[PDB]
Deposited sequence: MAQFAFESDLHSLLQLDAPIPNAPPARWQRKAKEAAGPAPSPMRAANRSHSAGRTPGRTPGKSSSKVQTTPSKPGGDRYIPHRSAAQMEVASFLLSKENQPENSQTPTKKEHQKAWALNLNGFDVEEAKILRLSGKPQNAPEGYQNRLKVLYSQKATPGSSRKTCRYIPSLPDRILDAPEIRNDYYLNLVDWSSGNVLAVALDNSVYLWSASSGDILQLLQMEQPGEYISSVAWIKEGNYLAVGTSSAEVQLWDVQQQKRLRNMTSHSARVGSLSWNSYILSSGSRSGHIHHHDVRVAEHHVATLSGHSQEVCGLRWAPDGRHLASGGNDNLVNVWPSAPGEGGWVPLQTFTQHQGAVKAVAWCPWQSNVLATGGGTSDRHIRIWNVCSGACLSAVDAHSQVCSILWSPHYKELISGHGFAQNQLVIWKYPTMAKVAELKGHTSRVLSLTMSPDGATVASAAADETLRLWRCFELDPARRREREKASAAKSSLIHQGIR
């Protein structure tokens, strides 16, 4: 595992707000990076950069980005409670979806259904193909929904909040969680499903929790609870190595690679000078981009 990233991209004006999900790597190998009020696209193949959009009103900022599975549309959540849908090949906003009462800090796609999480605590399902996009409201959080992730098989949706809860929702309704994990003693932003085990979920808590928890969402069992000694902003699973990677803050501002299922520490990726905000994985699974409050995106080819 290389101790240095393969690339370092400048991320000037990246919002140092823990609850936002400002980066996402598309299946088309394009990294979407939200920098204050703009979204930049960076093609990992050509290095071409495109300023896709800029918010039009003063005080507006991007609070989340998420690529649809095919990588041709980008969802962008805003501080003005909008969930915009951008066609990145046309470089045009197809939709400006309103329904939320507060910023949309988290997003996750399940086919044509886009789920959005808000600072209000609500999650909305949006059928982006239809006029009345708002087809469901999932209300299981009383504070900001900062983690939102559909399972790769679409059978469950996980959400983590600033109310220290993890909810595991069904894919259809009523709309009540199948599981509500209260064991994290801090905000739950890190939420990632095991790619090779349908019901296995990894979650990570903030500064007052510092733990990575592995769950079986069917039995509700906590399979593992590991102290990372720092806030856990993000978790990713490598489908190739059978490992997890987590991003952290004070004091080391590092990424940790853990062996699964033993949860043994494999490596620490040091380099960021301020807290890591988000991790995102390349489509091939080889590279992890970490966005940090030090205004850089470090691209670690740690799984190749």
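Annotation: deposited residues 1 to 167, 341 to 343, 475 to 499 are not represented by C-alpha coordinates in the model.
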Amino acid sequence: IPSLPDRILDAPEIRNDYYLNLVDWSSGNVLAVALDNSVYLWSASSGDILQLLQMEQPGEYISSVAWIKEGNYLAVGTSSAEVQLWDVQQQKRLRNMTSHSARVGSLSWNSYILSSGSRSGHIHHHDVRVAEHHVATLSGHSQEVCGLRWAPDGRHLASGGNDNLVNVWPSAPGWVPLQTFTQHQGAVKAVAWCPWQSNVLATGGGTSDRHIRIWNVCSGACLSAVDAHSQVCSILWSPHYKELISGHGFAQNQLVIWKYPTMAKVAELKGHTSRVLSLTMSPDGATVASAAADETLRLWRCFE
From here on, numbers count along this sequence of modelled residues.
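In this entry, 129 to 137 shows the higher mean Cα temperature factor of the pair 129 to 137 and 103 to 111. Averaged over their C-alpha atoms, the temperature factors of 58 to 66 and 258 to 266 are higher for 258 to 266. You'll see in the entry that, of 234, 171, 159, 78, the Cα B factor peaks at 171. Residue-level inspection of the entry shows that, of 20, 281, 292, 9, 9 has the top Cα B-factor. Sort the chain's modelled residues by C-alpha temperature factor and residue 26 lands in the lowest third, per the entry.
Residue 224 sits in the middle third of its chain by CA B factor, as recorded in the PDB entry.
Split the chain's modelled residues into thirds by C-alpha temperature factor. Residue 118 is in the middle one. Ranked within its chain, residue 51 lands in the middle third, by CA B factor from the PDB record. Ranked by C-alpha B-factor against the other modelled residues of its chain, residue 177 falls in the highest third.
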